[PDB]
Amino acid sequence: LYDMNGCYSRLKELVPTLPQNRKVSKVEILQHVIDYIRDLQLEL
Amino acid sequence: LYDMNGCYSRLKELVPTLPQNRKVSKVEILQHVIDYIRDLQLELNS
């Protein structure tokens, strides 16, 4: 079970479309998360 | 495209394991999101 920062760290490790080197704001993380879930749902 | 509140609204719509009959906190939403992404990736591996 994760605090808010741990949740963001976990999402960064999970979502392969996020920048490898560039700093990511919370909102940019969540935008990538949204597009990734929608992509997985469509492919499945 | 979305502000922070819009992001949470969008995740409430996309994630089917979220509770549907009560208030949910941001951390609870993100924990559900994490586990859902993981389940989708595991299904992709089969």
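Rules and cut-offs
- Residues numbered from 1 in each chain as written, not as in the entry; some residues may be left out.
- Chains lettered and ligands numbered in written order.
- Heavy atoms only, no water.
- Contact = heavy atoms within 4.5 Å.
- Buried area = accessible area lost by both parts, 1.4 Å probe.
- Salt bridge = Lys/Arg side-chain N within 4 Å of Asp/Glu carboxyl O.
- Polar contact = N/O pair within 3.5 Å; in protein donor to acceptor, adjacent residues only side chain to side chain.
- Helix = DSSP H or I, 4+ residues; strand = E, 2+ residues; numbered from the N terminus.

Method information in the entry identifies X-ray crystallography as the source of the structure, with 1.5 Å recorded as the resolution.

Caption draft 1: Representation of the interface of chain B and chain A within the structure. Contact with chain B, which involves 23 residues of that partner, is made by 23 residues of chain A. Between chain B and chain A, roughly 2100 Å² of surface is buried when both sides are summed, and carbon and sulfur atoms account for 79% of that area. Put simply, chain B and chain A have zero salt bridges between them. Viewed at the interface, chain A and chain B are joined by five residue pairs in polar contact. Breaking the side of chain B that touches chain A down by element, the ones donating at least two residues are α1 (4–14) and α2 (26–44) of chain B. Per-element tally for the side of chain B that touches chain A: the top contributor is α2(B), with 13 residues.

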